[PDB]
């Protein structure tokens, strides 16, 4: 069950129309649309008490909404603007007032650019563990770097022998900017995977860093001579060493 929300990532050139899908499997009545930004508590753009009625929230400007079924509440922005870049949460509660337990969608990550000319997938590279670390601590730390990507839509993960591993993985909460002074800056993301020295020293073990990038879709317009920065999984690998 739960509140289902799509898409989870979108890039849009200013002026483009887009609609976010939200469905609730919990047979609730009230549904909300929230916009979450850095340094601010959640703001309500629109909501509906029940099916057949909706009303503007705190910041309705630049947005519309509709209730299709008691299940579905869709958020629509006809003309995209850079100011509309945010993470959009679709929430659902059984009845108004009482929101809690309030149920939120997975979240929808929206970035609105004047030009897509800056959209780039990450450059991924892994670095093998230090020889000094292994003998000293009997442990081995692999490091992954996802550099020069934009906008920030990425999911980094670690794979060992074709299977995804979690334990030993530490990744940066959010990517930083390579040129903080510039508003044109791209982002960098680093992660660490630490395994036992015995595990690393086996050449039969295969380590791979994977970054998931969300770019333009297959139907998106690309007029540039350079390659289309579509959605792609970029990886970098390393082999165990003895």
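Positions refer to the first chain, counted from 1.
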**Prompt:** Looking only at CA atoms, which has the higher mean B factor in the entry: 72-80 or 118-126?
**Reply:** 72-80
**Complete:** With B-factors read from the PDB entry, the higher C-alpha mean of 152-160 and 109-117 is in 109-117
**Prompt:** Going by the entry, which of 147, 92, 85, 135 has the most elevated CA B factor?
**Reply:** 135
**Complete:** Among 190, 179, 36, 30, highest Cα B-factor in the entry goes to 179
**Asked** Sorting the chain's CA B-factors, does residue 141 end up in the lowest, middle or highest third?
**Response** middle
**Request:** Compare the C-alpha B factor of residue 65 with those of the other modelled residues in its chain, then answer lowest, middle or highest third.
**Result:** middle
**Message:** Quick check for you: using the entry's CA B-factors within this chain, is residue 3 in the lowest, middle or highest third?
**Reply:** middle
**Message:** How does the C-alpha B factor of residue 238 compare with the rest of the chain: lowest, middle or highest third?
**Reply:** middle
**Third of the chain, ranked by Cα B-factor, where residue 194 sits** = middle
